[PDB]
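Remarks on the structure that follows.
Read-outs throughout are calculated quantities, based only on the coordinates presented, and are distinct from any laboratory measurement. Note that we place each Cβ from the backbone using ideal geometry, even for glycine, and neighbour counts take in every protein chain shown.
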Number of protein chains: 2
Amino acid sequence: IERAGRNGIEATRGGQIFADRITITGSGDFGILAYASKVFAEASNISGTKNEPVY
Amino acid sequence: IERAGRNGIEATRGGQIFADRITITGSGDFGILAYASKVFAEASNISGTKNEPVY
């Protein structure tokens, strides 16, 4: 993922998201956002996040 | 979910039950029950439960 206008990854209302080595770049908001939902990322390359990377 | 004869939600023996604004009412037993299992209910509206609502 790259150049996201908003959160690079958003998981809302209990929706799990699987990820292993996903590269995140230039997101408008939090690169990874958990909203009562799980997110898995064994590795990552979160970069260029205007707000806090992991939320 | 209304007027259940037993626990209005049940995740047993594993498994997951997704829920966001789920409404329960009048359940005969536990409003939400879990046996080694995940249950997600962000904004549940448990009501009229005879036994303990969340278990």
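For segment B:29-42, what does the Karplus curve 6.51 cos²θ - 1.76 cosθ + 1.60, with θ = phi - 60°, yield as ³J(HN,Hα) per residue in whole Hz, taken in order and with x for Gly and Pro?
Each residue of segment B:29-42 in turn: 10, 2, x, 10, 10, 8, 10, 6, 9, 7, 9, 10, 8, 5 Hz.
What per residue convex hull volume, in Å³, do the alpha-carbon atoms of chain A yield?
Per-residue hull volume (Cα only) is 59 Å³.
Which order results if B:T25, A:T49 are arranged by neighbouring Cβ count within 10 Å, fewest first?
B:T25, A:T49
Against the 2.2 N^0.38 Å scaling, with N counting residues, where does the protein assembly as shown land? I'd like the Cα-based Rg ratio to two decimal places.
So the Cα radius of gyration is 1.39 times the expected 2.2 N^0.38 Å.
Tally the DSSP beta bridges in the protein assembly as shown and give the antiparallel ones as a percent, rounded to 5.
Restricted to the protein assembly as shown, the bridges split so that about 0 percent are antiparallel.
Once phi is turned into ³J(HN,Hα) by the Karplus curve 6.51 cos²θ - 1.76 cosθ + 1.60 with θ = phi - 60°, what whole-Hz value does each residue of segment A:50-55 show in order, with x for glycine and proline?
5, 8, 5, x, 10, 9
If the only charges are +1 at each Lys and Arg Cβ and -1 at each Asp and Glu Cβ, what is the size of the charge dipole of chain B around the Cα centre, to the nearest 20 debye?
120
Hey, how many Å between the Cα centroid of segment B:21-55 and the Cα centroid of chain A?
Distance between centres, Cα-based: 31 Å.
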